[PDB]
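Note that the protein sequences, when read in sequence, are chains A and B. Under the deposited numbering, the first residue of the first sequence carries the number 1, and numbering increases by one thereafter. Under the deposited numbering, the first residue of the second sequence carries the number 1, and numbering increases by one thereafter. Working notes, structure below.
2 protein chains.
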Amino acid sequence: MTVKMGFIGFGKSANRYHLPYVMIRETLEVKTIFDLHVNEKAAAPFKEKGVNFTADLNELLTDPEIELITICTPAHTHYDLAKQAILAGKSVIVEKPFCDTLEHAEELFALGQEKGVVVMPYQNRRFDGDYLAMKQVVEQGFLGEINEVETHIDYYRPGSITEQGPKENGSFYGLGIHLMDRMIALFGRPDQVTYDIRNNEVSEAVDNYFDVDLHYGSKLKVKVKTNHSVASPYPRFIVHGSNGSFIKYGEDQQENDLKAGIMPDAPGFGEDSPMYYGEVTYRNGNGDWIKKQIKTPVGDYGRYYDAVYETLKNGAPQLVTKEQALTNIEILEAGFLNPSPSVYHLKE
Amino acid sequence: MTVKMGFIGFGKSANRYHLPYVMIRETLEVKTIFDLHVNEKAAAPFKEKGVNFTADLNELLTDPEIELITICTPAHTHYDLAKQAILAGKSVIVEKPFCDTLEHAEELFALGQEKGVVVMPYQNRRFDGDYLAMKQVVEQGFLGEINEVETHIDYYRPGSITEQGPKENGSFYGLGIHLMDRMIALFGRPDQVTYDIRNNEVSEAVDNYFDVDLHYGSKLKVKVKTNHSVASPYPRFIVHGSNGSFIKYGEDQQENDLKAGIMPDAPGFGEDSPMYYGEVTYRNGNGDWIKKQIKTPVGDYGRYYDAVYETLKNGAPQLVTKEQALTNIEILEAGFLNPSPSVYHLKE
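What follows is the structure in structure tokens.
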């Protein structure tokens, strides 16, 4: 009735998006934390909670009572840790990037099948309020046939990205990944994708801009977009269909609050501002026009571990499907095979 | 003195976009109007003012006092008629489509350069209030280095465009020509263009949708777009630079005014609603953020004719250049050279 879990990494990543949520859930249980160079004052409060720390990896992998493991270490270690963990007979969560290659990403899934364990990336952004509100409108079907969805993550940080680097250090890889995952999880695998990826400030630096479109037939297209020189925000989400529209400004504040010492168990944590409630405008069957706000659903990233709990305890379908993980990674990688702008048809 | 002009055609285009404006200017004199099947009902108020009509093209072309001529008849005629007016020694204004092909178009600018007379397409939308409010801002240089501009023309007319026809009959050809033209006139010739042209209802019916990106180097990109199923409007214009943004909602009302029986001499014609003034949000060199509204320049399509006057009576530069006109037609046609989405590379 409780999942015995551990952590491969005690960095800030594991400390800002994982533990503040995991600790508040009586359905979860954190036994061992694994950092090669752990921190005492940060861990001090955790050890006092009964949490066990160690820089001995096998002390965590051989531990027979543990079944789940999250990897929150540097991007380059994610493939081999997930490999080492699957073998130890445990289910694992992998922060981005899942794997260095699509072929490796597939490898792990074949092993999830083999060792009969769960393997998937950490996609917490599926529990963003603004995305959730968009997802709810699309599922009830008010708008009719959806022809287009636009989703952003802009900043006003001109001149922040100025250096060279591998595509893995870019924004498409850093941000697009999240944006496409939740849309791929909603509309499925597209037929083709078009890419405009670049640095609109320093030509030769890693991308800080991208305008990518995932097409579905001739009727629909979902556009994910990022720009670092945006002073006037576009809506966080734009949706258009045959019966109407949905416009949603304002992003999920879980991140801006956690950065201010406000934890997940705190009251009000994850509730959007009514001044930011999404807005629907459609004409019913009677041809009448209707305009109301959509109360943004409460955003909670922990629900990602809630999902893992139902999967591990109630066999409920695993949140991230191999197909969404693999499709996402194929588009990410495909965006760098050709010089932008480019077009690309999914493997079929 | 004033410029003596005539009209090749007396249809609805003439009686709505040209005549209402030309009659109010004293620098202009409509001496002759030509048409195979004139309308005595509508010719009365004109004939009475001093305008002569005729069903004989020679009379109009042979007249040596007429220096300017406007072609408003059906599209398929525009080529040979304009060529006839160039030979007859007159300057000509041609409603879109200027010509049936790029090859032909170039020939006209040539013949025009030959006989020594101005030749150019009537591009009135360069005088739309919101386009002007955007142009004014880009020229003053508030926002520093502009990295993107998004210009629209949407409608909520689902289920209207349902049939096949030549490309000239689609949205990109009837609406994209106006959006792009005024952007080419401002930023010049792009390096490449990407196309997403289609119909999101009946894939094979003439296109009722388009997302076209005009690329300028690695820093700037102008996106022209249209969609017939948009209930919640996008901004009419969107601009982002190094120093700030400019968002402009609301379109020019000169048409809904003319289509409402309000003439160009009516009080407050072409004046934008204060609730629609575009708004800038930029930061000066002191780091100070400034957010103010921009009074929309008054909309007046008659200004196209004022420009033509400064070119004919004062030797001023002509509004629509051979480059602007020809490039617009190159990109328009180049979009249907291959299946969408596609990427295109310009010359020169």
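Note that CB positions come from ideal geometry on N, CA and C, so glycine has one too.
Examine the Cβ distances between the stretch 283-294 of chain B and the stretch 151-163 of chain B and report whether three or more of them are shorter than 8 Å.
No, because fewer than three Cβ pairs between the stretch 283-294 of chain B and the stretch 151-163 of chain B fall closer than 8 Å, the two stretches do not touch.
Whose C-alpha, out of A:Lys41, A:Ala185 and A:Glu26, is nearest the C-alpha of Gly302 of chain A?
Numbered from its first residue, the first sequence carries residue 302 of chain A at position 302. If we check each option's Cα against that of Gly302 of chain A, A:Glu26 comes out closest.
Distance check for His76 of chain A and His18 of chain A, CA to CA, integer angstroms please.
What you label residue 18 of chain A is simply residue 18 of the first sequence in a count that begins at 1. What you label residue 76 of chain A is simply residue 76 of the first sequence in a count that begins at 1. Rounded to whole angstroms, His18 of chain A to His76 of chain A spans 20 Å at the Cα level.
Inter-residue CB distance, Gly244 of chain A and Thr296 of chain A (contact presumed, cutoff 8 Å)
The sequence position of residue 244 of chain A within the first sequence is 244, counting from 1. The sequence position of residue 296 of chain A within the first sequence is 296, counting from 1. With a Cβ gap of about 18 Å, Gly244 of chain A and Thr296 of chain A do not count as contacting.
Neighbourhood of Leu332 of chain A by C-beta, 8 Å cutoff - its chain only, sequence neighbours within 5 removed
Counting from one through the first sequence, the residue named residue 332 of chain A turns up at place 332. The residues are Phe172, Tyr173, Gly176, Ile177 and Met180.
Contacts that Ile153 of chain B makes with chain A (C-beta to C-beta distance below 7 Å):
As a position in the second sequence, residue 153 of chain B is number 153, starting the count at 1. The contacting residues do not exist; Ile153 of chain B stays about 15 Å from chain A at best.
Can you find a CB in chain A that lies within less than 8 Å of the CB of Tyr249 of chain B?
As a working mapping, residue 249 of chain B is identified with position 249 in the second sequence. No, its Cβ sits nowhere closer than 8 Å to a Cβ of chain A.
Counting only runs of 3+ residues fully inside the stretch 193-251 of chain B, write out the beta strand (DSSP E) ranges in chain order.
For the beta strand (DSSP E) assignment, the uninterrupted runs of no fewer than 3 residues enclosed by the stretch 193-251 of chain B are, from N- to C-terminal side, 209-216, 220-227, 237-241 and 244-248.
Below 6 Å CB to CB, which residues in the same chain sit around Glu271 of chain B once its five sequence neighbours on both sides are set aside?
Looking up residue 271 of chain B in the second sequence gives position 271. Counting only Cβ-Cβ distances below 6 Å, and skipping sequence neighbours, we find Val298.
Taking only beta-carbon atoms, is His240 of chain A less than 8 Å away from chain E?
Any reference to chain E falls outside this structure, whose protein chains are A and B.
Cα-Cα, which of A:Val30, A:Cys99, A:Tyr216 and A:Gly50 is closest to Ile66 of chain A?
Position 66 of the first sequence, counted from the start, is the residue given in the question as residue 66 of chain A. A:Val30 is the residue among A:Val30, A:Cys99, A:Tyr216 and A:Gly50 whose C-alpha sits nearest the C-alpha of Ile66 of chain A.
Take every Cβ of the stretch 140-155 of chain B, pair it with every Cβ of the stretch 219-232 of chain B, and state whether three or more of those distances are shorter than 8 Å.
Touching, yes, given that three or more Cβ pairs across the two stretches are closer than 8 Å.
Rounded straight-line distance, which links the Cα of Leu258 of chain A to that of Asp265 of chain A
Along the first sequence, read from residue 1 onward, the residue named residue 265 of chain A stands at position 265. Along the first sequence, read from residue 1 onward, the residue named residue 258 of chain A stands at position 258. Rounded to whole angstroms, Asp265 of chain A to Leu258 of chain A spans 11 Å at the Cα level.
Spell out whether any CB of chain A is found under 8 Å from the CB atom of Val230 of chain B.
Counting from 1 along the second sequence, the entry for residue 230 of chain B is found at position 230. Using beta-carbon distances, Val230 of chain B counts as an interface residue toward chain A, with a partner under 8 Å.
Does the stretch 115-135 of chain B come within contact of the stretch 83-102 of chain B, defined as at least 3 CB pairs closer than 8 Å?
As far as the Cβ criterion goes, the stretch 115-135 of chain B touches the stretch 83-102 of chain B, which means the pair count is three or higher.
Just the C-alpha distance for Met5 of chain A and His215 of chain B, rounded to the nearest angstrom, thanks.
To locate residue 5 of chain A, count along the first sequence from 1; it is residue 5. To locate residue 215 of chain B, count along the second sequence from 1; it is residue 215. Between the C-alpha atoms of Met5 of chain A and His215 of chain B there is a straight-line separation of about 50 Å.
Just checking my contact of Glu251 of chain B with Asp130 of chain B at CB under 8 Å: how many whole Å lie between their CB atoms?
As a first step, residue 251 of chain B must be located in the second sequence, where it is residue number 251. As a first step, residue 130 of chain B must be located in the second sequence, where it is residue number 130. Contact holds; Cβ gap of about 6 Å.
Three Cβ pairs or more, each shorter than 8 Å: is that satisfied between the stretch 133-144 of chain A and the stretch 191-209 of chain A?
As far as the Cβ criterion goes, the stretch 133-144 of chain A does not touch the stretch 191-209 of chain A, which means the pair count is below three.
Which stretch, first to last residue, makes up the beta strand (DSSP E) that contains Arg283 of chain B?
By 1-based counting over the second sequence, the position of residue 283 of chain B is 283. Under the DSSP assignment, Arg283 of chain B falls in the beta strand (DSSP E) whose first and last residues are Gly278 to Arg283.
Starting from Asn227 of chain A, find everything on chain B with Cβ-Cβ shorter than 9 Å and list it in chain order.
In the first sequence, residue 227 of chain A corresponds to position 227, counting from 1. Result: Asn147, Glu148 and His240.
When DSSP labels each residue in this structure, what does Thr296 of chain B get in the three-state scheme?
Residue numbering aside, residue 296 of chain B sits at position 296 when the second sequence is read from its first letter. Here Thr296 of chain B sits in coil by DSSP.
For chain B, is any of its Cβ atoms less than 8 Å away from the one on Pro190 of chain A?
On the first sequence, position 190 is the one that residue 190 of chain A refers to. Answer no: the Cβ-Cβ gap between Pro190 of chain A and chain B never drops below 8 Å.
Could you compute how far the alpha carbon of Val212 of chain B sits from the alpha carbon of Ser13 of chain B?
As a first step, residue 212 of chain B must be located in the second sequence, where it is residue number 212. As a first step, residue 13 of chain B must be located in the second sequence, where it is residue number 13. Whole-angstrom Cα-Cα distance: 27 Å.
Cβ-based contacts, 8 Å cut-off: residues of the stretch 178-202 of chain B near chain A
Under the 8 Å Cβ criterion, the stretch 178-202 of chain B contributes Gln192, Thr194, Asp196, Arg198, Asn199, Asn200 and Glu201.
Paired residues, beta bridge with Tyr156 of chain B - DSSP
Here residue 156 of chain B refers to the residue found at position 156 of the second sequence. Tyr156 of chain B is bridged to B:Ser229.
Spell out whether any CB of chain A is found under 8 Å from the CB atom of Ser160 of chain B.
Looking up residue 160 of chain B in the second sequence gives position 160. Judged by the 8 Å Cβ criterion, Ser160 of chain B is not in contact with chain A.
Identity of the residue in A:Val202, A:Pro235, A:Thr54 and A:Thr32 nearest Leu220 of chain B by Cα:
Along the second sequence, one-based indexing puts residue 220 of chain B at 220. Closest in alpha carbon position to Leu220 of chain B, among A:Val202, A:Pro235, A:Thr54 and A:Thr32, is A:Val202.
Give a yes or no on whether the minimum CB-CB distance between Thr296 of chain B and chain A is below 8 Å.
Residue mapping note: residue 296 of chain B aligns to position 296 of the second sequence, counting from 1. At a cut-off of 8 Å between beta-carbon atoms, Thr296 of chain B makes no contact with chain A.
State the beta-bridge partners of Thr54 of chain B as determined by DSSP.
Within the second sequence, residue 54 of chain B is the residue found at index 54, counting from 1. Bridge partners of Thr54 of chain B: B:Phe34.
Partners in chain B for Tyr216 of chain A, counting only beta-carbon separations shorter than 7 Å:
Here the question's residue 216 of chain A lines up with position 216 in the first sequence. Within 7 Å Cβ-Cβ: nothing; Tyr216 of chain A doesn't reach chain B, min ~10 Å.
List the residues of chain B that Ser342 of chain A touches, going by C-beta distances under 8 Å, in chain order.
As a first step, residue 342 of chain A is located in the first sequence; it is residue number 342 there, counting from the start. Taking a Cβ-Cβ cut-off of 8 Å, the neighbours of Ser342 of chain A in chain B comprise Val343, given in sequence order.
How would you write the range of the alpha helix (DSSP H) that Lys41 of chain B sits in, first residue to last?
Within the second sequence, the letter at position 41 stands for residue 41 of chain B. Element bounds for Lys41 of chain B: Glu40 to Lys47.
List the residues of chain A whose Cβ lies closer than 9 Å to the Cβ of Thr281 of chain B, in chain order.
On the second sequence, position 281 is the one that residue 281 of chain B refers to. Correct list: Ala231 and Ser232.
Along the chain, which unbroken stretches of the alpha helix (DSSP H) at least 4 residues long are found entirely within the stretch 83-118 of chain B?
Within the stretch 83-118 of chain B, the runs of alpha helix (DSSP H) that reach at least 4 residues and sit entirely inside it are, in chain order, 102-115.
Could you tell me the boundaries of the beta strand (DSSP E) in which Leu68 of chain B lies?
Reading the second sequence from its first residue, position 68 is the one you call residue 68 of chain B. For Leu68 of chain B, the uninterrupted beta strand (DSSP E) segment begins and ends at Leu68 to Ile71.
Among A:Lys225, A:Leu337, A:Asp128 and A:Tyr21, whose alpha-carbon lies nearest the alpha-carbon of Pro166 of chain A?
For the purposes of this step, residue 166 of chain A is taken as residue 166 along the first sequence, with counting starting at 1. Sorting A:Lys225, A:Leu337, A:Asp128 and A:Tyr21 by C-alpha distance to the C-alpha of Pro166 of chain A places A:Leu337 at the top.
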